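S.K.: Got a sequence here, can you model it:
(2 chains, ligands or ions: 2)
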Amino acid sequence: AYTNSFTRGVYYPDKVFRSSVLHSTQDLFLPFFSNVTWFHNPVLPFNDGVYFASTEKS
Amino acid sequence: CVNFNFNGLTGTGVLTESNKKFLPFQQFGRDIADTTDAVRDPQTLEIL
Ligand SMILES: *[C@@H]1O[C@H](CO)[C@@H](O)[C@H](O)[C@H]1NC(C)=O
Ligand SMILES: *[C@@H]1O[C@H](CO)[C@@H](O)[C@H](O)[C@H]1NC(C)=O
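M.R.: Numbering: from 1, shown residues only, chains lettered A, B, ... in the order given. Ligands and ions are numbered 1, 2, ... in the order given. The coordinates are given below.
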């Protein structure tokens, strides 16, 4: 299965404080509106980092 | 006026009681022009 990663995958690239600032930084991010694999215990590659998400009720 | 060396950064300046609210995981401040502005003291949980 596949799903749209609308605007998710943004993480604080460091431990630096900034207030009311537009900062440009290049690093490994999840591209917007890209494909994310959806599963309902397969082994997957770990090319350059993995964003993982889970919805839980139990 | 002191020459200071916090966890990984070094500089010269005066450390004063701050007014900001750093997050529990933030250590070093930064002004708009990529200049160190505030730091978290490693021992005392106070922002300088
Ligand atoms: C996701 O995959 C489909 C086909 O599997 C493709 O048409 C689509 O372009 C892909 N999404 C992106 C953002 O490339
Ligand atoms: C560090 O140790 C001092 C005493 O040596 C203590 O007063 C202080 O609370 C300690 N800080 C942490 C974060 O444990």
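S.K.: Which positions in stretch B:3-10 come out as buried?
M.R.: Under the neighbour-count criterion of 16 or more other C-beta atoms under 10 Å in any protein chain shown, stretch B:3-10 has residue B:6 buried. Quick note: C-beta positions are derived from backbone N, CA and C, even for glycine.
S.K.: which residues are contacting it?
M.R.: Under the contact criterion C-beta atoms under 8 Å, 6 or more residues apart in numbering or on different chains, stretch B:3-10 has outside partners B:11, B:12, B:13, B:15, B:27, B:28, B:36, B:39, B:41, B:42.
S.K.: Just the endpoints, please. Distance across that stretch?
M.R.: Stretch B:3-10 has an end-to-end distance of 8 Å (C-alpha to C-alpha, to the nearest Å).
S.K.: for stretch B:23-31, same thing?
M.R.: Using C-alpha to C-alpha, the two ends of stretch B:23-31 sit 16 Å apart.
S.K.: how about it against chain A, any contact?
M.R.: Yes: judged by C-beta under 8 Å from any C-beta of the partner chain, stretch B:23-31 and chain A are in contact via B:23, B:25, B:26, B:27, B:28, B:29, B:30.
S.K.: need the residues of chain A near ligand 1, please.
M.R.: Near ligand 1, the residues belonging to chain A are A:2, A:33, A:34, A:35 when assessed by C-beta under 6 Å from any ligand atom.
S.K.: how about the strands in chain B?
M.R.: For chain B, applying DSSP state E gives strands covering B:2-5, B:10-13.
S.K.: circling back: return the subset of the residues of chain A next to ligand 1 lying in strands.
M.R.: Among the residues of chain A next to ligand 1, the members falling in strands (DSSP E) are A:2, A:34, A:35.
S.K.: center of chain B - which residue?
M.R.: Geometric centre of chain B, nearest residue: residue B:39, 1.4 Å, by C-alpha atoms, centre = their mean.
S.K.: so what's that residue closest to, chain neighbours aside?
M.R.: Ranked by C-beta to C-beta, 6 or more residues apart in numbering or on different chains and with sequence neighbours excluded, the top spatial neighbour of residue B:39 is residue B:6, at 4.9 Å.
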